[PDB]
Amino acid sequence: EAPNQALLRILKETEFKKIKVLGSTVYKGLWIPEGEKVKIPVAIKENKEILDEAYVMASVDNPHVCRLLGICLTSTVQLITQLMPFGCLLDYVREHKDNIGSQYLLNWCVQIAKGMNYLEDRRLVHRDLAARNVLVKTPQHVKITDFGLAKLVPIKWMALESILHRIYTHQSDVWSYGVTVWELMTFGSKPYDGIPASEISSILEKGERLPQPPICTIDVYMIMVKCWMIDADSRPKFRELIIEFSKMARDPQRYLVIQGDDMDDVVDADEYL
Ligand SMILES: COc1cc2ncnc(Nc3cccc(Cl)c3F)c2cc1OC(=O)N1CCN(C)C[C@H]1C
């Protein structure tokens with residue numbers, strides 16, 4: 001009901017340099033706003049769908065969500081955004097599975113919940129929350145991205161009511177939050193590995209759920225289980241998840257049990273306002 005006064009910035013292609021490939025296309029590069037004396041590390045993602053994505057990314061502004069810097073309209077529609085140098089959190093947990101402590105895991109849970117609470121504040125349902133869609137700015141700071149599915153298909157992350165009746169709500173996102181947390185606490189295991197997507201709705205209806213990760217106390221796993229209640233309004237709210245994971249982050253070893261616990265003018269997008 002409130003007007004969306006977000007600014008869509010159209011960026012000249014001549015302001016982008018050092019373009020190199022990250023995956024397939026998404027590239028890294030440098031954005032030098034003309035007449036600004038600043039170099040900004042960026043990712044660039046290479047039509048109604050990409051622009052629906054650009055619409056949502058330009059309309060968010062929160063420390064735990066990735067925002068659109070602008071678009072470039074040359075041969076292709078390119079989305080320009082802050083470079084998140086450590087890549088996706090799923091690949092990060094898998095590679096550093098032996099250097100990741102309780103403080104980091106719980107802090108990431110708090111930050112993802114903050115991002116999702118903000119989206120709820122903005123009446124946005126993400127619909128694709130997953131560890132592959134959280135990026136790592138630094139090991140201390142992650143942010144939610146990939147809004148090409150958000151509104152005002154990944155079966156193994158979806159609430160049962162979404163699989164059965166294509167019903168999507170903030171509380172359906174809470175279910176996906178629970179699955180994302182399970183991915184982190186297993187250092188990136190695949191949910192329901194080897195179980196075909198077609199059989200997922202059947203398993204969930206019988207009462208089966210993802211199992212307790214070895215490092216998780218019952219305190220942490222019980223929160224995960226609450227996100228998978230059949231009654232959507234019985235699941236936690238994101239603002240409650242922030243609270244509970246914050247409490248646990250003050251004493252992380254009580255809640256997770258882990259054995260062993262081009263440079264002069266560079267400005268990060270978070271300091272470029
Ligand atoms: C350095 O790594 C990355 C940093 C990113 N910073 C921002 N956004 C990124 N994506 C993005 C998402 C939505 C909208 C826009 Cl506009 C985006 F630009 C980033 C992607 C990155 O790359 C990966 O995570 N990799 C890991 C290696 N695989 C091969 C896969 C490949 C995907």
# chains A, B, ... in the order shown; residues from 1 in each chain; ligands from 1

$ closest_atom_pairs --of "chain A" --to "ligand 1" --cutoff "10 Å" --atoms "only C-alpha atoms and all ligand atoms" --output "tab-separated table"
residue	atom	partner	partner_atom_place_in_ligand_line	distance
A:21	CA	ligand 1	22 (O)	8.9
A:22	CA	ligand 1	22 (O)	5.3
A:23	CA	ligand 1	29 (C)	3.9
A:24	CA	ligand 1	29 (C)	6.6
A:25	CA	ligand 1	32 (C)	8.3
A:26	CA	ligand 1	18 (F)	5.9
A:27	CA	ligand 1	18 (F)	7.2
A:28	CA	ligand 1	1 (C)	7.0
A:41	CA	ligand 1	6 (N)	9.3
A:42	CA	ligand 1	6 (N)	6.9
A:43	CA	ligand 1	18 (F)	4.3
A:44	CA	ligand 1	18 (F)	4.9
A:45	CA	ligand 1	16 (Cl)	4.7
A:46	CA	ligand 1	16 (Cl)	8.2
A:50	CA	ligand 1	14 (C)	9.1
A:53	CA	ligand 1	14 (C)	7.8
A:54	CA	ligand 1	16 (Cl)	7.8
A:57	CA	ligand 1	14 (C)	7.9
A:66	CA	ligand 1	7 (C)	7.5
A:67	CA	ligand 1	16 (Cl)	8.4
A:68	CA	ligand 1	16 (Cl)	6.6
A:69	CA	ligand 1	16 (Cl)	8.5
A:70	CA	ligand 1	16 (Cl)	8.9
A:71	CA	ligand 1	16 (Cl)	8.7
A:78	CA	ligand 1	16 (Cl)	7.5
A:79	CA	ligand 1	16 (Cl)	4.4
A:80	CA	ligand 1	16 (Cl)	5.0
A:81	CA	ligand 1	16 (Cl)	4.9
A:82	CA	ligand 1	7 (C)	5.6
A:83	CA	ligand 1	6 (N)	4.0
A:84	CA	ligand 1	6 (N)	3.7
A:85	CA	ligand 1	1 (C)	4.3
A:86	CA	ligand 1	1 (C)	5.3
A:87	CA	ligand 1	2 (O)	3.5
A:88	CA	ligand 1	24 (O)	4.2
A:89	CA	ligand 1	24 (O)	7.9
A:90	CA	ligand 1	24 (O)	8.8
A:91	CA	ligand 1	26 (C)	7.2
A:92	CA	ligand 1	24 (O)	9.1
A:132	CA	ligand 1	24 (O)	7.9
A:133	CA	ligand 1	12 (C)	7.5
A:134	CA	ligand 1	24 (O)	8.8
A:135	CA	ligand 1	5 (C)	6.7
A:136	CA	ligand 1	4 (C)	7.8
A:137	CA	ligand 1	6 (N)	8.0
A:143	CA	ligand 1	7 (C)	9.5
A:144	CA	ligand 1	13 (C)	9.2
A:145	CA	ligand 1	13 (C)	5.5
A:146	CA	ligand 1	13 (C)	4.4
A:147	CA	ligand 1	13 (C)	7.2
A:148	CA	ligand 1	13 (C)	8.1

$ residues_around --residues "residue 99 of chain A" --least-positions-apart "4" --cutoff "12 Å" --atoms "only C-alpha atoms" --output "compact mmCIF listing (two decimals) with N, CA, C and O atoms, in the first residue's frame"
# COMPACT_ATOMS: atom_id res chain seq x y z
N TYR A 92 31.27 -22.34 1.57
CA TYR A 92 32.20 -21.90 2.64
C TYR A 92 32.22 -22.94 3.76
O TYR A 92 33.31 -23.33 4.20
N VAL A 93 31.04 -23.38 4.20
CA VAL A 93 30.98 -24.33 5.34
C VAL A 93 31.66 -25.64 4.88
O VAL A 93 32.33 -26.27 5.71
N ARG A 94 31.50 -26.01 3.62
CA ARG A 94 32.04 -27.31 3.15
C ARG A 94 33.58 -27.24 3.13
O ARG A 94 34.21 -28.21 3.56
N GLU A 95 34.15 -26.12 2.71
CA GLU A 95 35.62 -26.02 2.56
C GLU A 95 36.30 -25.81 3.91
O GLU A 95 37.40 -26.34 4.08
N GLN A 103 30.78 -20.17 17.80
CA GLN A 103 30.48 -18.71 17.73
C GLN A 103 30.09 -18.36 16.29
O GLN A 103 29.11 -17.64 16.13
N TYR A 104 30.83 -18.86 15.31
CA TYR A 104 30.50 -18.48 13.94
C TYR A 104 29.15 -19.04 13.51
O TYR A 104 28.34 -18.32 12.92
N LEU A 105 28.92 -20.33 13.78
CA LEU A 105 27.65 -20.95 13.40
C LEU A 105 26.47 -20.22 14.03
O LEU A 105 25.53 -19.85 13.34
N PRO A 139 33.96 -13.67 7.02
CA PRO A 139 33.49 -14.78 7.87
C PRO A 139 32.63 -14.30 9.01
O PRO A 139 31.78 -15.08 9.50
N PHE A 187 27.70 -28.82 8.36
CA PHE A 187 28.80 -28.36 7.51
C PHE A 187 28.52 -28.61 6.03
O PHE A 187 29.41 -28.93 5.24
N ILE A 258 31.68 -29.04 19.23
CA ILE A 258 32.56 -29.15 18.06
C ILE A 258 33.97 -29.46 18.57
O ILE A 258 34.55 -28.69 19.35
N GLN A 259 34.54 -30.56 18.08
CA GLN A 259 35.92 -30.95 18.46
C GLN A 259 36.91 -29.87 18.02
O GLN A 259 36.99 -29.60 16.82
N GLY A 260 37.61 -29.23 18.95
CA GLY A 260 38.64 -28.25 18.55
C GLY A 260 38.21 -26.81 18.74
O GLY A 260 38.95 -25.92 18.32
N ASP A 261 37.06 -26.59 19.37
CA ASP A 261 36.53 -25.21 19.54
C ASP A 261 37.51 -24.37 20.37
O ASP A 261 37.77 -24.74 21.53

$ closest_atom_pairs --of "segment 46-130 of chain A" --to "segment 154-173 of chain A" --cutoff "8 Å" --atoms "only C-alpha atoms" --output "tab-separated table"
residue	atom	partner	partner_atom	distance
A:120	CA	A:170	CA	6.5
A:124	CA	A:170	CA	7.8
A:125	CA	A:170	CA	5.6
A:126	CA	A:173	CA	6.8
A:127	CA	A:173	CA	6.2
A:128	CA	A:154	CA	7.1
A:129	CA	A:173	CA	6.8
A:130	CA	A:157	CA	7.1

$ select_by_dssp --residues "segment 89-232 of chain A" --states "strand (DSSP E or B)" --output "list in words"
residues 125, 134, 135, 136, 137, 138, 141, 142, 143, 144, 151 and 216 of chain A

$ write_last_selection --atoms "C-alpha atoms" --output "PDB file, in the first residue's frame"
ATOM      1  CA  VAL A 125       8.367 -13.595   1.213  1.00  0.00           C
ATOM      2  CA  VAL A 134      23.398 -16.656   1.646  1.00  0.00           C
ATOM      3  CA  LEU A 135      26.690 -14.942   0.763  1.00  0.00           C
ATOM      4  CA  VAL A 136      29.801 -14.239   2.851  1.00  0.00           C
ATOM      5  CA  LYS A 137      31.111 -10.655   2.906  1.00  0.00           C
ATOM      6  CA  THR A 138      33.573 -11.656   5.644  1.00  0.00           C
ATOM      7  CA  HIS A 141      29.210 -10.999   8.159  1.00  0.00           C
ATOM      8  CA  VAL A 142      26.754 -12.845   5.869  1.00  0.00           C
ATOM      9  CA  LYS A 143      23.766 -11.556   3.852  1.00  0.00           C
ATOM     10  CA  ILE A 144      20.712 -13.066   2.137  1.00  0.00           C
ATOM     11  CA  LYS A 151       6.905 -11.803  -3.782  1.00  0.00           C
ATOM     12  CA  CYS A 216      23.734 -29.949  18.001  1.00  0.00           C
TER      13      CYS A 216
END

$ residues_around --residues "residue 209 of chain A" --least-positions-apart "4" --cutoff "12 Å" --atoms "only C-alpha atoms" --output "VMD selection string"
chain A and resid 156 to 157 159 to 160 175 178 to 179 182 191 to 192 200 to 205 213 221 to 222 224 to 230

$ write_last_selection --atoms "C-alpha atoms" --output "tab-separated table (two decimals), in the first residue's frame"
chain	number	residue	atom	x	y	z
A	156	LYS	CA	13.65	-30.09	-0.09
A	157	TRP	CA	13.53	-26.57	1.47
A	159	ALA	CA	7.03	-26.08	3.89
A	160	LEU	CA	4.63	-28.99	3.41
A	175	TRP	CA	10.49	-23.72	7.53
A	178	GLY	CA	15.11	-24.41	9.68
A	179	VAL	CA	16.47	-26.35	6.71
A	182	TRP	CA	20.50	-27.83	9.34
A	191	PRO	CA	19.02	-32.54	2.92
A	192	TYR	CA	17.26	-35.87	2.34
A	200	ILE	CA	9.39	-35.70	-0.17
A	201	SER	CA	5.78	-34.67	0.46
A	202	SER	CA	5.00	-38.28	1.41
A	203	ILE	CA	7.81	-38.54	3.97
A	204	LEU	CA	6.90	-35.23	5.59
A	205	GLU	CA	3.22	-36.23	5.86
A	213	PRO	CA	23.17	-33.01	13.58
A	221	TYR	CA	17.78	-29.09	17.29
A	222	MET	CA	14.48	-28.40	19.08
A	224	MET	CA	15.03	-26.51	14.14
A	225	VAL	CA	12.18	-28.98	14.75
A	226	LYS	CA	9.80	-26.15	15.72
A	227	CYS	CA	10.37	-24.62	12.27
A	228	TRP	CA	8.96	-27.85	10.78
A	229	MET	CA	5.64	-27.98	12.65
A	230	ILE	CA	2.63	-28.75	10.48

$ atom_distance --atom1 "atom CA of residue 32 of chain A" --atom2 "atom CA of residue 73 of chain A"
16.9 Å

$ closest_residue --among "A:5, A:98, A:115, A:185" --to "residue 58 of chain A" --atoms "only C-alpha atoms"
A:5

$ atom_distance --atom1 "atom CA of residue 255 of chain A" --atom2 "atom CA of residue 119 of chain A"
27.3 Å

$ select_by_dssp --residues "segment 104-232 of chain A" --states "alpha helix (DSSP H)" --output "PyMOL selection string"
chain A and resi 104-121+160-165+170-185+200-206+218-226

$ residues_around --residues "segment 239-251 of chain A" --least-positions-apart "4" --cutoff "7 Å" --atoms "only C-alpha atoms" --output "PyMOL selection string"
chain A and resi 103+106-107+109-110+113-114+117+255

$ write_last_selection --atoms "N, CA and C atoms" --output "CSV table (one decimal), in the first residue's frame"
chain,number,residue,atom,x,y,z
A,103,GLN,N,30.8,-20.2,17.8
A,103,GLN,CA,30.5,-18.7,17.7
A,103,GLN,C,30.1,-18.4,16.3
A,106,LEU,N,26.5,-20.0,15.3
A,106,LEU,CA,25.4,-19.3,16.0
A,106,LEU,C,25.2,-17.9,15.5
A,107,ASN,N,26.4,-17.2,15.3
A,107,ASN,CA,26.3,-15.8,14.8
A,107,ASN,C,25.6,-15.7,13.4
A,109,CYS,N,23.4,-17.8,12.3
A,109,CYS,CA,22.0,-18.0,12.5
A,109,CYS,C,21.3,-16.7,12.9
A,110,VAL,N,21.9,-16.0,13.8
A,110,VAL,CA,21.3,-14.7,14.2
A,110,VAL,C,21.2,-13.7,13.0
A,113,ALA,N,18.5,-14.7,10.5
A,113,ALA,CA,17.2,-14.3,11.1
A,113,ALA,C,17.0,-12.8,11.1
A,114,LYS,N,18.0,-12.0,11.3
A,114,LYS,CA,17.8,-10.6,11.2
A,114,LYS,C,17.4,-10.2,9.8
A,117,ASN,N,13.8,-11.3,9.2
A,117,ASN,CA,12.9,-10.4,9.9
A,117,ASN,C,12.7,-9.1,9.2
A,255,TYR,N,26.0,-24.8,23.5
A,255,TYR,CA,24.9,-25.2,22.6
A,255,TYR,C,25.3,-25.9,21.4

$ residues_around --residues "residue 265 of chain A" --least-positions-apart "4" --cutoff "8 Å" --atoms "only C-alpha atoms" --output "list in words"
residues 37, 38 and 39 of chain A

$ atom_distance --atom1 "atom CA of residue 59 of chain A" --atom2 "atom CA of residue 8 of chain A"
8.9 Å

$ closest_residue --among "A:270, A:219, A:1, A:264" --to "residue 123 of chain A" --atoms "only C-alpha atoms"
A:1

$ closest_residue --among "A:6, A:40, A:51, A:30" --to "residue 267 of chain A" --atoms "only C-alpha atoms"
A:40

$ decode --residues "segment 14-64 of chain A" --atoms "N, CA and C atoms" --output "CSV table (one decimal), in the first residue's frame"
chain,number,residue,atom,x,y,z
A,14,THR,N,30.8,1.8,-19.4
A,14,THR,CA,32.2,2.2,-19.3
A,14,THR,C,32.7,2.5,-17.9
A,15,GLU,N,31.8,2.3,-16.9
A,15,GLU,CA,32.2,2.5,-15.5
A,15,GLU,C,32.6,1.2,-14.8
A,16,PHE,N,32.7,0.1,-15.6
A,16,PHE,CA,33.0,-1.3,-15.1
A,16,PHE,C,34.3,-1.8,-15.7
A,17,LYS,N,35.2,-2.2,-14.8
A,17,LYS,CA,36.5,-2.7,-15.4
A,17,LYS,C,36.8,-4.0,-14.7
A,18,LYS,N,38.0,-4.6,-15.0
A,18,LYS,CA,38.6,-5.8,-14.4
A,18,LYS,C,37.5,-7.0,-14.3
A,19,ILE,N,36.7,-7.1,-15.3
A,19,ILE,CA,35.6,-8.1,-15.3
A,19,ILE,C,36.2,-9.5,-15.4
A,20,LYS,N,36.0,-10.4,-14.4
A,20,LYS,CA,36.5,-11.8,-14.5
A,20,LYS,C,35.4,-12.8,-14.1
A,21,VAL,N,35.4,-14.0,-14.5
A,21,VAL,CA,34.2,-14.9,-14.3
A,21,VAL,C,34.3,-15.7,-12.9
A,22,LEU,N,33.2,-15.8,-12.3
A,22,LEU,CA,33.1,-16.5,-11.0
A,22,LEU,C,32.4,-17.9,-11.2
A,23,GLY,N,31.4,-17.9,-12.0
A,23,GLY,CA,30.6,-19.1,-12.3
A,23,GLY,C,29.6,-18.9,-13.4
A,24,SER,N,28.9,-20.0,-13.8
A,24,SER,CA,27.9,-20.0,-14.9
A,24,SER,C,26.8,-21.0,-14.7
A,25,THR,N,25.7,-16.0,-16.3
A,25,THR,CA,27.0,-16.0,-15.8
A,25,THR,C,27.1,-14.9,-14.7
A,26,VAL,N,27.9,-15.1,-13.7
A,26,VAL,CA,28.2,-14.1,-12.6
A,26,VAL,C,29.7,-13.8,-12.7
A,27,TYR,N,30.0,-12.5,-12.7
A,27,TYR,CA,31.4,-12.1,-12.8
A,27,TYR,C,31.8,-11.2,-11.6
A,28,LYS,N,33.0,-11.1,-11.3
A,28,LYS,CA,33.5,-10.0,-10.4
A,28,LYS,C,34.1,-8.9,-11.2
A,29,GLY,N,34.2,-7.7,-10.6
A,29,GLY,CA,34.8,-6.6,-11.3
A,29,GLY,C,34.9,-5.4,-10.4
A,30,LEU,N,35.2,-4.2,-11.0
A,30,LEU,CA,35.3,-3.0,-10.3
A,30,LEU,C,34.4,-2.0,-10.9
A,31,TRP,N,33.7,-1.2,-10.1
A,31,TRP,CA,32.8,-0.2,-10.6
A,31,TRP,C,33.4,1.1,-10.2
A,32,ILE,N,33.7,2.0,-11.1
A,32,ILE,CA,34.3,3.3,-10.8
A,32,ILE,C,33.2,4.4,-11.2
A,33,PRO,N,32.3,4.8,-10.3
A,33,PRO,CA,31.4,5.9,-10.7
A,33,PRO,C,32.1,7.1,-11.3
A,34,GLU,N,31.6,7.6,-12.4
A,34,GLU,CA,32.3,8.7,-13.1
A,34,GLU,C,32.4,9.9,-12.2
A,35,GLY,N,33.6,10.6,-12.1
A,35,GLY,CA,33.6,11.8,-11.3
A,35,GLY,C,33.3,11.6,-9.9
A,36,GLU,N,33.9,10.5,-9.3
A,36,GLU,CA,33.6,10.2,-7.9
A,36,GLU,C,34.9,9.8,-7.1
A,37,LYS,N,35.9,9.4,-7.8
A,37,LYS,CA,37.2,9.0,-7.2
A,37,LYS,C,37.1,7.9,-6.2
A,38,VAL,N,36.4,6.8,-6.6
A,38,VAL,CA,36.2,5.6,-5.8
A,38,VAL,C,36.1,4.4,-6.7
A,39,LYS,N,36.7,3.3,-6.2
A,39,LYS,CA,36.6,2.0,-6.9
A,39,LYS,C,35.8,1.0,-6.1
A,40,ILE,N,34.8,0.4,-6.6
A,40,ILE,CA,33.8,-0.4,-5.8
A,40,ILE,C,33.8,-1.8,-6.3
A,41,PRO,N,34.3,-2.8,-5.5
A,41,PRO,CA,34.3,-4.2,-5.9
A,41,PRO,C,32.8,-4.7,-6.1
A,42,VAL,N,32.5,-5.3,-7.2
A,42,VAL,CA,31.2,-5.7,-7.6
A,42,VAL,C,31.1,-7.1,-8.1
A,43,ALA,N,29.9,-7.7,-8.0
A,43,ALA,CA,29.5,-8.8,-8.8
A,43,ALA,C,28.5,-8.4,-9.9
A,44,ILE,N,28.5,-9.0,-11.0
A,44,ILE,CA,27.7,-8.7,-12.2
A,44,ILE,C,27.0,-10.0,-12.6
A,45,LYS,N,25.7,-10.0,-12.6
A,45,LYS,CA,24.9,-11.1,-13.0
A,45,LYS,C,24.3,-10.9,-14.4
A,46,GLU,N,24.6,-11.7,-15.4
A,46,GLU,CA,24.0,-11.7,-16.7
A,46,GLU,C,23.0,-12.8,-16.8
A,47,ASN,N,14.0,-12.0,-19.6
A,47,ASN,CA,14.4,-10.6,-19.2
A,47,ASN,C,13.4,-10.1,-18.2
A,48,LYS,N,12.1,-10.5,-18.3
A,48,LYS,CA,11.1,-10.1,-17.3
A,48,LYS,C,11.6,-10.7,-16.0
A,49,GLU,N,12.3,-11.8,-16.0
A,49,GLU,CA,12.6,-12.5,-14.7
A,49,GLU,C,13.8,-11.7,-14.0
A,50,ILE,N,14.8,-11.5,-14.8
A,50,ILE,CA,16.0,-10.8,-14.2
A,50,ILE,C,15.5,-9.4,-13.7
A,51,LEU,N,14.6,-8.8,-14.4
A,51,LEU,CA,14.2,-7.5,-14.0
A,51,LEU,C,13.2,-7.5,-12.7
A,52,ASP,N,12.4,-8.6,-12.6
A,52,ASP,CA,11.7,-8.9,-11.4
A,52,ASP,C,12.7,-9.0,-10.2
A,53,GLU,N,13.8,-9.7,-10.5
A,53,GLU,CA,14.8,-9.8,-9.4
A,53,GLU,C,15.4,-8.5,-9.1
A,54,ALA,N,15.7,-7.7,-10.1
A,54,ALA,CA,16.3,-6.3,-9.9
A,54,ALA,C,15.3,-5.4,-9.1
A,55,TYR,N,14.0,-5.5,-9.4
A,55,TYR,CA,13.0,-4.8,-8.7
A,55,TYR,C,13.1,-5.0,-7.2
A,56,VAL,N,13.1,-6.3,-6.7
A,56,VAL,CA,13.2,-6.6,-5.3
A,56,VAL,C,14.5,-6.2,-4.7
A,57,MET,N,15.6,-6.4,-5.3
A,57,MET,CA,17.0,-6.2,-4.8
A,57,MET,C,17.2,-4.6,-4.7
A,58,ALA,N,16.5,-3.9,-5.5
A,58,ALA,CA,16.7,-2.4,-5.4
A,58,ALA,C,15.8,-1.9,-4.2
A,59,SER,N,14.8,-2.7,-3.8
A,59,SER,CA,13.9,-2.2,-2.8
A,59,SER,C,14.2,-2.7,-1.4
A,60,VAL,N,15.4,-3.3,-1.2
A,60,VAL,CA,15.8,-3.7,0.2
A,60,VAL,C,17.0,-2.9,0.6
A,61,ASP,N,17.1,-2.7,1.9
A,61,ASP,CA,18.3,-2.0,2.5
A,61,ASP,C,18.4,-2.4,3.9
A,62,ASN,N,19.3,-3.4,4.2
A,62,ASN,CA,19.5,-3.9,5.6
A,62,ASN,C,20.9,-4.6,5.6
A,63,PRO,N,21.7,-4.5,6.7
A,63,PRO,CA,23.0,-5.1,6.8
A,63,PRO,C,23.0,-6.6,6.5
A,64,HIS,N,21.9,-7.3,6.6
A,64,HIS,CA,21.9,-8.8,6.4
A,64,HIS,C,21.2,-9.1,5.1
